[PDB]
Every structure is written in C-alpha cells, then in structure tokens.
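Presented as structure tokens, the chain that follows is alone, the form deposited in one PDB entry.
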C-alpha cells in the first residue's frame, strides 16, 4: 500500500528508539552528545588511544536489537584489523576513546550506524546496533589521546 514504507519505518524507529533508551537507562551506561552509548566491560592498562588513522586489532561481535548476530571476529577465530576512519561513525568515536585492553559494549543509534538505507543486507533502515568491542592492541602502541585525556572526557560526559 502507498503508505506502507512510511509506516514500517515508523515501526522501526519506535522499537529502535525503545532499545536505545532502555540501554541508556542502565546506570553504568554513558551517553555521549553524539548519541553514542557505551558500557564498560573491562578496563585496559594501555597508555594511549588510537589516532583516527591507527591500525587496531579488535575482537568484536555485532548484534541487532533482537540479538541477531550480523558480524563477528570471534566466529572467525581471530581479531580483525581496523582503522577508526574505516568503520561506521559510532565505532570511529568509540575507538578513539579506548585504550589497549579496554572492552566496551556500544549501543549505536541508526544515524551513527548504517542510517536510513541500512546496510543493504541484514541490517534494515533505522537500525540501532549493539557491539561488544575489545581493543586488543594498536600498531606502534597508539598515537591518539592519552589515557588521562580520555578519562577526563569520559568523566565530564558522565557528569553532563
């Protein structure tokens, strides 16, 4: 029907918004001004976050709001190499706030993920994404923010 696409995407935006809001409501979840939400799973001992162009070794799992896994380095049995500028916006932001050994759960609203069109395959329009992201190591140990810089950004975010 004529208004079918609109109504379906209205449904998608509603349950997607429900997902994001419930995840943000978790007391230890932190919401950044961009809309990115994260939860720390483990605190790493690394001294530096990656710069935007640093190659990172990452173990991750990506799930939809209903738990469906759409991508996972663990199913492949080895980490994947990423630069923060190669991946979706939510990842780009998060990686630059992570140090070696950090493991975070990310809740990424659609506009920082695959947006209105979706990934074109198993990620439909207006999908928030959940990732479990472990930053294993960084080429040359990392050339981005210092741990102290990262922690101060996070501390202020928490307080706002």
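The term rigid core refers to the maximal set of C-alpha atoms that superpose within 1.5 Å between the two forms. Positions refer to the first chain, counted from 1. Shifts are known only where both forms have a C-alpha.
Higher average CA B factor: 150-158, of the stretches 3-11 and 150-158. Comparing 24-32 with 103-111, the stretch with the higher mean C-alpha B-factor in the PDB entry is 24-32. Of the candidates 44, 119, 50, 62, the PDB record gives 119 the highest C-alpha temperature factor.
A second form of this protein, the form deposited with a small molecule bound, is not displayed here; the remarks below concern that form.
At a distance of at most 4.5 angstroms from the small molecule in the deposited complex, none of the three residues 52, 144 and 147 contributes a non-hydrogen atom. Contact annotation: the small molecule lies within 4.5 Å of heavy atoms from the stretch 120-128 in the deposited complex, the single such stretch among 43-51, 97-105, 25-33, 120-128. Though the partner is left out of this view, residue 78 does not reach within 4.5 Å of the small molecule in the deposited complex, counting heavy atoms only. The closest heavy atom approach of residue 38 to the small molecule in the deposited complex falls outside 4.5 Å.
Core-superposed difference between the shown form and the other one: one segment of three or more residues with every CA shifted 2 Å or more, namely 74-79.
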